[PDB]
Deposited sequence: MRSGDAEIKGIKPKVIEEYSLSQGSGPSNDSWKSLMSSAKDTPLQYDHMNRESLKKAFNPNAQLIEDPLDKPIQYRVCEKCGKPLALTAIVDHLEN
């Protein structure tokens, strides 16, 4: 064990156990919402199964627009329903 040691290769013992970004789309379609930094195994144990989660809740301001007719502030995903 030595930080200064030249690395020869990967341990052969370890080795035993082993391109478009767009090609990810079909696995993503089958994959539920994922968080950068909230571990699912741990949200299963420590949090209520039906818990809401907003990761980095303050890292951007709330994305909304305001209805010109009635002044209501609408979440992006509420806008199309509110109009149509």
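Coordinate coverage of the deposited sequence is interrupted at 1, 20 to 29, 96, where no C-alpha atom was modelled.
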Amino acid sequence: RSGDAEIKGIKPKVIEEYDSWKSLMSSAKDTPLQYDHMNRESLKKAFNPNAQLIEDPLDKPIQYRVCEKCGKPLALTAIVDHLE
From here on, numbers count along this sequence of modelled residues.
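Residue 22: CA B factor lies in the lowest third for its chain, per the PDB record. Ranked against the other modelled residues of its chain, the C-alpha B-factor of residue 67 as given in the entry falls in the highest third. In the deposited entry, the Cα temperature factor of residue 7 sits in the bottom third of values across the chain's modelled residues.
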